[PDB]
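Undergrad: Let me begin by handing over the structure; questions about it come next.
For neighbour counting, all protein chains shown are included, and Cβ atoms are generated from backbone atoms with ideal geometry for every residue, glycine included. Read-outs: derived from the displayed coordinates by stated rules, not from any lab.
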Protein chains: 2
Amino acid sequence: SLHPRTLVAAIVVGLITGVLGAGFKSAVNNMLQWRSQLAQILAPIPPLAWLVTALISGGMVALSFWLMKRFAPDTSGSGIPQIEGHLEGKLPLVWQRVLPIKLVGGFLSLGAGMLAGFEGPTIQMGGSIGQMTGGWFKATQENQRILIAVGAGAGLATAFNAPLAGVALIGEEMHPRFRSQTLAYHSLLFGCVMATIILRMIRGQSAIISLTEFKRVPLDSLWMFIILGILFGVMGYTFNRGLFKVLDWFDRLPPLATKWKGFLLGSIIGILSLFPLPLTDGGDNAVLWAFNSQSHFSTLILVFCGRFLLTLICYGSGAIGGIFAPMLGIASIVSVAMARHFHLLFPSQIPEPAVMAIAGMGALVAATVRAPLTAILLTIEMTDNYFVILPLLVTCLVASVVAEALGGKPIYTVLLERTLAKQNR
Amino acid sequence: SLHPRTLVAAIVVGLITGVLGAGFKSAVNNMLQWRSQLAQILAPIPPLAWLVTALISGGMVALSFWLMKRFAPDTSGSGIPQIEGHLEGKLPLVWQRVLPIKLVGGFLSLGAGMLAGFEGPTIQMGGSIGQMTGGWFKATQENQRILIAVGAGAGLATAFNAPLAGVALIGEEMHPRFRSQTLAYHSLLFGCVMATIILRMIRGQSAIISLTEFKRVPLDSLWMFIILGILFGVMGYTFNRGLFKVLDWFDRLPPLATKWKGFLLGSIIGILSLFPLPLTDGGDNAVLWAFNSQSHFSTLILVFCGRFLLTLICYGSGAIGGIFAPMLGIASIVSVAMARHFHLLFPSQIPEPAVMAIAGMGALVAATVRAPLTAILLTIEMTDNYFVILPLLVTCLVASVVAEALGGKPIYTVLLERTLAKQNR
Ligand SMILES: [Cl-]
Ligand SMILES: [Cl-]
């Protein structure tokens, strides 16, 4: 029941966000390693670098907070809420403000080593482009919502080289109307495909962490992932609660504290960037650290607590963030620790314990977001592994059920109610 | 925003349809091979077996057509249209009539070697069980809709050992309301999980055809799949158009022709079962024939025509069928031939030509059905291969577009319009 003019528009949307998302990630990574190489040049003598890396990080983050307001406080935090809202009625979206501020601002935040969060910027920048090209194409009212949704989806696909995930995002979480043109699915797929094709031409083509050869997953091992789900259930519950309490604390000023909040917060992160441990940055490193670098079980617990708190502090401060990746890093660290433990206890049912690490990789996301279907897809797409689906399905949706059984609520719908409460920012 | 009582109900649903779907498949295969062995015992002398297999097949299909009307004509054909219908208002669904007749009748049809169609009986039987258990649990109105959808998804998941597929089905095609409890997603997943778990305990655990090690898919090969799509586009177009014409012809009686239609149509199929080619039965054989048994490029063209026509006659006759598998066999036969051809022409861009076969495997489904997202997931789920996603995406959704650009109309919504036109059967 689809319509051409809108499909070609999607081709354009996904194409643009693809180029941007890819270049954005590349840009952020360049800045990340540049600050890492600067710390080593000065490393020899002595903690001089301690001061230098502290300034650069603190300065960037502060400069980022400034570029936020005044200019577009709308770009604060994730991006799912702002687009989920606009797409629904409440809250506006103006690309001329979001696009440049989210980009330049997001670059400063992430590049400084903040605990975010590529999908943050790339998802809002996606929606912006979707809208910006919606006008260029003189799209109808409904069609423009679609184009914005496509951008949002393409945004996620670009951050993780995960087409299906981006598509599922709009579908499950952020369920929009589309009336009656529900065949915005085509627009989505189109937008996502292009985005990743460009994403792969620029930095592709491989996945984030391909673990394709772990395929032995016995059926009488499933009971385990129920427990693993129960675990990520309460974990997601406290993560949400904690986030909100840290969100309040940061809302409570004082006017002076806020002025320094930008610099102080960014300078500590800069210090923690130096230690040889993945307790900063987006979370990709954290995942690429759980697997594969074998490290002391204690160090796992150590880095888990560090990141779990630090992400709360980082996102809680309201910096240009993005919470997806950080929860992937936290989960993958926990799932590895749990993988080891269960292999310890029932090796005959967990021959390859990597299976479990993979299963719980998207479990935290499913619990905190109420979006198991997308969390499942996400991990599949970023491990090229479908063999782990049964454990995946069980752990992810049991984590989701247990979370909203303790009454946790979708982190994004709450994050929206709050950003709405700022109808006087 | 989900509620417990229904979730566990979904667990039970998926559990039941899983066992039934599994047993049904096993029961049909036993019958299939039994007739094949019966043909070989009498094979030596001489075409005596020609007559016996003709009677057994013809009789079964005839007895099948009889058990249909009068008893439950609602069970004629697929199952998506009947569940898509009920789930939407038009058309009622009574489990006490469908469940038994769809089963016993479907066994006779499929067991006789008809060009169908596991996802036919299993998807309707699922919907029945979904309702059947909804009543037992005293589920509310909306909740009972959900359970019926859960049953339908589980039905598909059981036929192909493909959880996500059964989920994507309800989502993309057959888009229901669920108001505002859109978290029937959890119910779907839960139901599909249990379904495949049971399915894997009974006949699992391997996929239908795991081509997991073909993973070299160069980016400058996508242009090929754009063509492969165009091809499957017009293919799905004429397949739809053809089906409808054959349906009309069969609708035009005469009263006497119908009396024999069952026996005649079932007896010809009986004969064709003897030849050593996959030109009868569900379609799994046809797929497990494209790959891997290397066979003459001519024989491919032969079996393709045979099945493409025979499926139209079979389903067109209105026997208890199922159209998904048949369109998988036809497609995979074509995509394999196409794979060979493109490998012949541009080997540097199609290193592994299996990639092309895998891609166009669900393309016919995506064109005739308008449901590319589910066609994609289906192929991934039944090959364990995610590496083939970009081709998959392009080839499928391009094929979906091209079909509904020549004006094809979703085969299911049309099949539903026709069944509604029988508001007096
Ligand atoms: Cl995010
Ligand atoms: Cl079907």
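Undergrad: Taking the range B:206-225 as the region of interest, how many residues are part of a helix (DSSP H, G or I) and within 11 Å of chain A (Cβ to nearest Cβ)?
TA: So the answer is 4.
Undergrad: Just checking, which of A:367, A:357 is in contact with a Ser or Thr (Cβ under 7 Å, 6 or more places away or on another chain), within 14 Å of another protein chain (Cβ to nearest Cβ) and either away from ligand 2 (no atom under 16 Å from the Cβ) or closer than 18 Å to residue A:226 by Cα (or both)?
TA: Values: A:357 fails: within 14 Å of another protein chain (Cβ to nearest Cβ).
That would be A:367, the only listed residue that is in contact with a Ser or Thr (Cβ under 7 Å, 6 or more places away or on another chain), within 14 Å of another protein chain (Cβ to nearest Cβ) and either away from ligand 2 (no atom under 16 Å from the Cβ) or closer than 18 Å to residue A:226 by Cα (or both).
Undergrad: Shifting gears a bit: Exactly one of these conditions fails for residue A:372: (1) more than 10 Å from every other protein chain (Cβ to nearest Cβ); (2) more than 13 Å from residue A:225 (Cα to Cα); (3) in contact with a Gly (Cβ under 9 Å, 6 or more places away or on another chain). Give me its number.
TA: Tallying (1) more than 10 Å from every other protein chain (Cβ to nearest Cβ); (2) more than 13 Å from residue A:225 (Cα to Cα); (3) in contact with a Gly (Cβ under 9 Å, 6 or more places away or on another chain), residue A:372 fails exactly one: (1).
Undergrad: While we're here: When the residues of the range B:143-172 are narrowed to those that are surrounded by fewer than 24 Cβ atoms within 10 Å (Cβ to Cβ) and away from every other protein chain (no Cβ under 12 Å), which ends up farthest from residue B:78 (Cα to Cα)?
TA: Checked the range B:143-172; the qualifying residue farthest from residue B:78 (Cα to Cα) is B:143.
Undergrad: If you don't mind, there's one more thing I want to ask. Quick check on the range B:349-377: of everything there that is within 18 Å of residue B:288 (Cβ to Cβ) and free of Cβ contacts under 8 Å to residues at least 40 places away in the same chain, which residue is surrounded by the most Cβ atoms within 10 Å (Cβ to Cβ)?
TA: B:362
Undergrad: What tally of residues in the range B:107-125 results from selecting those that are within 12 Å of ligand 2 (Cβ to nearest atom) and within 13 Å of residue B:75 (Cβ to Cβ)?
TA: 7
Undergrad: So, residue A:358, is that one in a loop (DSSP other than H, G, I, E, B), in contact with a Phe, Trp or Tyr (Cβ under 8 Å, 6 or more places away or on another chain) and among the hydrophobic types (A, V, I, L, M, F, W, C) or not?
TA: Judged against the criteria, residue A:358 is not a match.
Undergrad: For the range A:179-205, how many residues meet the condition of being more than 10 Å from chain B (Cβ to nearest Cβ) and either surrounded by fewer than 19 Cβ atoms within 10 Å (Cβ to Cβ) or assigned to a loop (DSSP other than H, G, I, E, B) (or both)?
TA: Of the residues in that region, 4 qualify.
Undergrad: Please go through (1) over 21 Å from residue A:320 (Cα atoms); (2) part of a helix (DSSP H, G or I); (3) within 14 Å of another protein chain (Cβ to nearest Cβ) for residue A:37 and return the number of the only condition it doesn't satisfy.
TA: (3) is the only condition that residue A:37 fails.
Undergrad: Which of the numbered conditions does residue B:35 fail, given that it passes all the others? Conditions: (1) of a type in the set (D, E, K, R); (2) away from ligand 2 (no atom under 16 Å from the Cβ); (3) under 29 Å from residue B:133 (Cβ atoms); (4) crowded, with 16+ Cβ neighbours inside 10 Å.
TA: Residue B:35 satisfies all of (1) of a type in the set (D, E, K, R); (2) away from ligand 2 (no atom under 16 Å from the Cβ); (3) under 29 Å from residue B:133 (Cβ atoms); (4) crowded, with 16+ Cβ neighbours inside 10 Å except (3).
Undergrad: Name the pairs: first residue in the range B:73-89 and on the phi > 0 side of the Ramachandran plot, second residue within 16 Å of ligand 1 (Cβ to nearest atom), Cβ to Cβ under 8 Å, at least 6 apart or on different chains?
TA: Pairs found: none.
Undergrad: Does at least one position in the range B:389-402 carry a residue that is among the β-branched types (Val, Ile, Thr) and free of Cβ contacts under 8 Å to residues at least 24 places away in the same chain? Don't jump to the end; show me each part of the working.
TA: The initial filter retains those residues of the range B:389-402 that are among the β-branched types (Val, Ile, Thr), namely B:389, B:394-395, B:398, B:401-402.
Remaining after also requiring free of Cβ contacts under 8 Å to residues at least 24 places away in the same chain: B:389.
Yes, the range B:389-402 contains at least one residue that is among the β-branched types (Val, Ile, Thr) and free of Cβ contacts under 8 Å to residues at least 24 places away in the same chain.
Undergrad: Answer with yes or no whether residue A:260 is more than 9 Å from every other protein chain (Cβ to nearest Cβ) and over 28 Å from residue A:370 (Cβ atoms).
TA: Spelling it out, residue A:260 is indeed more than 9 Å from every other protein chain (Cβ to nearest Cβ) and over 28 Å from residue A:370 (Cβ atoms).
Undergrad: Could you tell me whether any residue of the range A:340-347 is more than 14 Å from chain B (Cβ to nearest Cβ), part of a loop (DSSP other than H, G, I, E, B) and surrounded by fewer than 24 Cβ atoms within 10 Å (Cβ to Cβ)? Spell out how you get there, then give the answer.
TA: Filtering the range A:340-347 for residues more than 14 Å from chain B (Cβ to nearest Cβ) gives A:340-347.
Applying the additional criterion that residues be part of a loop (DSSP other than H, G, I, E, B) yields A:346-347.
Going one step further and asking which of them are surrounded by fewer than 24 Cβ atoms within 10 Å (Cβ to Cβ), we end up with A:346-347.
Yes: the range A:340-347 contains one or more residues that are more than 14 Å from chain B (Cβ to nearest Cβ), part of a loop (DSSP other than H, G, I, E, B) and surrounded by fewer than 24 Cβ atoms within 10 Å (Cβ to Cβ).
Undergrad: Going by what's in this entry, would residue B:88 be described as more than 15 Å from ligand 2 (Cβ to nearest atom) and within 14 Å of chain A (Cβ to nearest Cβ)? Lay out the reasoning, then the answer.
TA: On the way: more than 15 Å from ligand 2 (Cβ to nearest atom): yes; within 14 Å of chain A (Cβ to nearest Cβ): yes.
Against the criterion (more than 15 Å from ligand 2 (Cβ to nearest atom) and within 14 Å of chain A (Cβ to nearest Cβ)), residue B:88 qualifies.
Undergrad: Which residue is nearest to residue B:20 (Cα to Cα), if the candidates are limited to the range B:126-141 and must be in contact (Cβ under 8 Å) with a residue 12 or more places away in the chain and away from ligand 2 (no atom under 16 Å from the Cβ)?
TA: This residue is B:129.
Undergrad: Among the residues of the range B:338-365, write down those that are of a type in the set (A, V, I, L, M, F, W, C) and under 16 Å from residue B:399 (Cβ atoms).
TA: Of everything in the range B:338-365, those that are of a type in the set (A, V, I, L, M, F, W, C) and under 16 Å from residue B:399 (Cβ atoms) turn out to be B:338, B:339, B:342, B:356, B:357, B:358, B:359, B:361, B:363, B:364, B:365.
Undergrad: Do we find that residue A:259 is within 22 Å of the chain's Cα centre (by Cα), farther than 19 Å from residue A:357 by Cα, loosely packed, with under 15 Cβ neighbours inside 10 Å and not aromatic (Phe, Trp, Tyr) in this structure?
TA: Details: within 22 Å of the chain's Cα centre (by Cα): no; farther than 19 Å from residue A:357 by Cα: yes; loosely packed, with under 15 Cβ neighbours inside 10 Å: yes; not aromatic (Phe, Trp, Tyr): yes.
Taking the combined requirement at face value, the residue does not satisfy it.
Undergrad: Same structure again: Counting only residues that are within 8 Å of chain A (Cβ to nearest Cβ) and of a type in the set (A, V, I, L, M, F, W, C), which one in the range B:400-425 is surrounded by the most Cβ atoms within 10 Å (Cβ to Cβ)?
TA: In this case the residue turns out to be B:401.
Undergrad: Right, something else. What number of residues within the range A:113-142 satisfy the criterion of being crowded, with 24+ Cβ neighbours inside 10 Å and acidic (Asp, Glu)?
TA: Final tally of qualifying residues: 1.
Undergrad: Could I ask something else about it? Could you please find all residues in the range B:375-399 being assigned to a helix (DSSP H, G or I) and facing chain A (nearest Cβ under 9 Å)?
TA: B:376, B:377, B:380, B:381, B:389, B:390, B:393, B:394, B:396, B:397 - these are the residues of the range B:375-399 that are assigned to a helix (DSSP H, G or I) and facing chain A (nearest Cβ under 9 Å).
Undergrad: Right, another one. From the set of residues in the range A:52-77 that are part of a loop (DSSP other than H, G, I, E, B) and away from ligand 1 (no atom under 16 Å from the Cβ), which is nearest to residue A:94 (Cα to Cα)?
TA: A:72
Undergrad: Continuing with the same structure: For the range B:232-242, indicate whether the set of residues that are touching a residue at least 12 places away in the same chain (Cβ under 8 Å) and facing chain A (nearest Cβ under 9 Å) is non-empty.
TA: Scanning the range B:232-242, I find no residue that is touching a residue at least 12 places away in the same chain (Cβ under 8 Å) and facing chain A (nearest Cβ under 9 Å), so the answer is no.
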